[PDB]
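Shown next as structure tokens: one chain only, the form deposited without the ligand.
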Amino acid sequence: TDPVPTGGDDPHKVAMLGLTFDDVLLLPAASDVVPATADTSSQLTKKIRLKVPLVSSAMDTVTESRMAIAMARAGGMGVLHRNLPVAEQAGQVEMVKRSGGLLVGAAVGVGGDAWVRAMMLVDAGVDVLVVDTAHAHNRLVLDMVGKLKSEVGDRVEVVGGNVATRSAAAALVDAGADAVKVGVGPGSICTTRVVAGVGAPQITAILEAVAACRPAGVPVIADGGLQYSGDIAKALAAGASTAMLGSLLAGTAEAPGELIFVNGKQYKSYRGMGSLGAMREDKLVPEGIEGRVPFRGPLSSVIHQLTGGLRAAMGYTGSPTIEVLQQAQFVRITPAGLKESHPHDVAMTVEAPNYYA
């Protein structure tokens, strides 16, 4: 436990120190890898390996069929959002399936209606069902995962989330999950940690979930909080097998929504699925906000920047594969270390394709 005395007589009350992406850097190591020779393939689930270890979020401002098609063509996968009627979601799965036999996932909730939705998605040819919940360590979520796996698990892979602890990941593994999705609160548009006061910083959440999942051979999906290509490398080094992205993809041409023009600039709508506008869950109050992000152009170019940065990280850490990157070491840093990591003491005059102010 956290050794430092911070009050009371119970040393387990404050149980650990949580780190997130900006708290760590990957240490370079001996290398015979250059970005060109790195292999970025990685398991999405026990049975499915992607060429690029990225998936798009199941949000109504990120992933519909156009995004799912573009993600699969880029070597990743999209998870179709579930904020729409069951027949429309199933229709979108079909749209993706008839664009080349591309991989696709789709989100479902828990309960009878979610069950009907799942069954329809499976009939439509979905490859991955994602049981998409705020708190997967609730007994009802574990049941849903276990039952889908029992009924359709031969035909479809079943992902469960979200979790932020070792015990929750362990419960999902025991329920038969084919992958575990980690992230309680880190999302750019999420307010769970603020309105409920609940969560775990994302690097520690990954390390803890992986401590349960890795020995069981179950891939971890790092969901939320990623803003730069280097964050993907950190998530994967912490032990995740793939990263799920919302904000980084919401600004692309393929994300749903029309372009927003404000003050000579271009934006796209991006909102939490727990935001008032989205709910319109078991929630009594919202756990997200509604906002906008800058327009970033074609998905393909964004993914090229992200995989290029990941490949650089693999070259620096001497990792020929994602499986080796998962063994890399971190150094913890201070606020000055973070300031030093970004550009500092200079005015940027030109935008970089992989770095914005």
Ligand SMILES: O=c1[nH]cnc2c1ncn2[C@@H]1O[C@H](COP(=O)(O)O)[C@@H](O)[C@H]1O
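Quick note: we count residues from 1 along the sequence shown, nothing fancier.
Below, we turn to the form deposited with the ligand bound, even though it does not appear here.
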Handout entry: Joint contact, 188, 192 and 275 to the ligand in the deposited complex, by non-hydrogen atom at 4.5 Å
Key = yes
Handout entry: Exercise: residue 251 in contact with the ligand in the deposited complex, heavy atom 4.5 Å
Key = no
Exercise for the section: Mark residue 247 yes when one of its heavy atoms lies within 4.5 Å of a heavy atom of the ligand in the deposited complex, and no otherwise. Expected result: yes
Practice task
Give a yes/no on whether residue 219 approaches the ligand to within 4.5 Å in the deposited complex, heavy atoms considered.
Solution key: no
Handout entry: Interface membership of residue 224, the ligand in the deposited complex, 4.5 Å heavy atom rule
Key = yes
Problem - One stretch from 55 to 63, 299 to 307, 326 to 334, 42 to 50 that, in the deposited complex, holds residues within 4.5 Å of the ligand by heavy atom - result: 55 to 63
Practice task
Have a look at 208, 231, 178, 287 for me and say which one sits with a heavy atom within 4.5 Å of the ligand in the deposited complex.
Solution key: 287
Fill in the blank from the handout: Taking the ligand in the deposited complex and a 4.5 Å non-hydrogen atom cutoff, the residues of 306 to 343 making contact are none
